[PDB]
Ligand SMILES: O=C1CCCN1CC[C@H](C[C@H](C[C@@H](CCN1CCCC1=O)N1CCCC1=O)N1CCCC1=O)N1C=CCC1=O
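Take a look at this one chain, the form deposited without the ligand, written out in structure tokens.
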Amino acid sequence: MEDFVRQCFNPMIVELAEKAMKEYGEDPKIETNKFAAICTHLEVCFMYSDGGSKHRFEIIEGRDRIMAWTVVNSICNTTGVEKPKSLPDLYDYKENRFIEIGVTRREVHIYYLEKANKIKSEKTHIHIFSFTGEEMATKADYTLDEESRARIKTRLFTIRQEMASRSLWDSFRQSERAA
């Protein structure tokens, strides 16, 4: 998987993922599915951002956690928005709401439910992507325009194909579920 992740992702994403894993004391070379999942999720958060104008989103994922909470606090103090109980992925300055982004090798809808239950933050908007071209979002409100989303779905389908082609896909799919 390291050969693969290093070929398919921007080195800064790879570097952020490595930094996140050692920091949680996991080794990218043992936990290779986790490494790939981290990369994939970060990539999506960046592509999601690149869907709005430059004023639109605050990317909270991929940042030191402690600092990231301070940013969520400053947003919540400045705007009046309720404080989420779980750290989100983005803030949307147009809609004035936090967003949780999910990326799943399972079905979009069961993964939504599990995410909704897990994050215990009723006001966070949830947007789930699969590697099969599917998506689900809170109230079928998908936030971005259609082209921005197709770029994400396409990228995820592409990743899945490049994994499958290296015989990496089955292991990556089944590892989520084992988790």
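The first residue of the shown sequence is 1; numbering continues from there.
The following text describes the form solved in complex with the ligand, which does not appear among the structures shown.
Site status: open, since the ligand, placed here by C-alpha superposition from its pose in the bound PDB entry, has no atom within 2.4 Å of backbone or C-beta atoms. In the bound PDB entry, the ligand sits beyond 4.5 Å of every heavy atom of residue 150. Heavy atoms of residue 62 reach within 4.5 Å of the ligand in the bound PDB entry, making it an interface residue.
Residue 134 falls outside the set of residues with a heavy atom inside 4.5 Å of the ligand in the bound PDB entry. In the bound PDB entry, residue 168 stays away from the ligand, with no heavy atom inside 4.5 Å.
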